[PDB]
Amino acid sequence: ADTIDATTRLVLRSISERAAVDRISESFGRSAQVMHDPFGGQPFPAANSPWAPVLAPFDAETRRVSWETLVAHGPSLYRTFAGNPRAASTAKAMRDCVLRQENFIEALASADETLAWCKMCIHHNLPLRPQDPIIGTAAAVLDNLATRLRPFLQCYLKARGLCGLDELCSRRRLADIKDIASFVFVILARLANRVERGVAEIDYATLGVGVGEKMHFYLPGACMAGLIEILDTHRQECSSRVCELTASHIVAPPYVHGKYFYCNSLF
């Protein structure tokens, strides 16, 4: 008979013996100290570089680049990442966390950031590497967008006649991509899978890109533009009030209702 075993029950109750406001304060205190100098002795090199401000709140308009600017200046940033492996490792880990807690609009922007970066890599024939901080955090954007979009996609993907979110990200087949939602999820799932596998160089085909091809089907900004559009226009084809609430509240996140109480017996 499936049961929580006797010993684990003791383990579970014993949190009560240790949990305390000052033990928690000293925890926030130790993790905060790690975040004070997270690169330690090894930050990315001081240099005169248009990338200096992001190599040291990120402001999208101030940090904005045209596609043409990314193609001209992207290789410099790429060489910085690859040529500073300790720094890139620290960056990767911090990027992974940031992207796992980003709001919806930020998470769209990060999907485009990741795909535009790969498109730039492809443009220059640069390999797509697991250690690259942008490529290697594909799973973070992926999981963030899955969390936030799942109940809406349950409805929308049925309306499109497509596989559900989990089957999409499980099969990971280019031939399943039929719209922008399947595109963002299938491509990011393929890319996250090849990262987790730790292939030294990730095949352009992972992105649906063939030999000598350039990814003409992906325009930078398409994840943002297209997913916001479907959150908007699906309600025209869908008679569910709950779905409409879901889509609306994704687009307009200020808190209104939904939280009832806080109960903490331990501290």
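Numbers for residues come from their place in the sequence shown, where the first is 1.
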item: Deposited-sequence gap flanked by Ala56 and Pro57; value: 4 to 9
item: Greater mean Cα temperature factor according to the PDB record, 218-226 or 46-54; value: 46-54
item: Of 249-257 and 18-26, the one with larger mean CA B-factor; value: 18-26
item: Most elevated Cα B-factor in the entry, residues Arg197, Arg148, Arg100, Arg190; value: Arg197
item: Chain third (lowest, middle, highest) by recorded CA B-factor, residue given as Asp232; value: middle
item: Assigned third (lowest, middle, highest) for the C-alpha B factor of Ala205; value: middle
item: Ranked C-alpha temperature factor of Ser170 among modelled chain residues, by third; value: highest
item: Third of chain Cα B-factors occupied by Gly83; value: middle
item: Where the record places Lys178 (Cα B-factor, split into thirds across the chain); value: middle
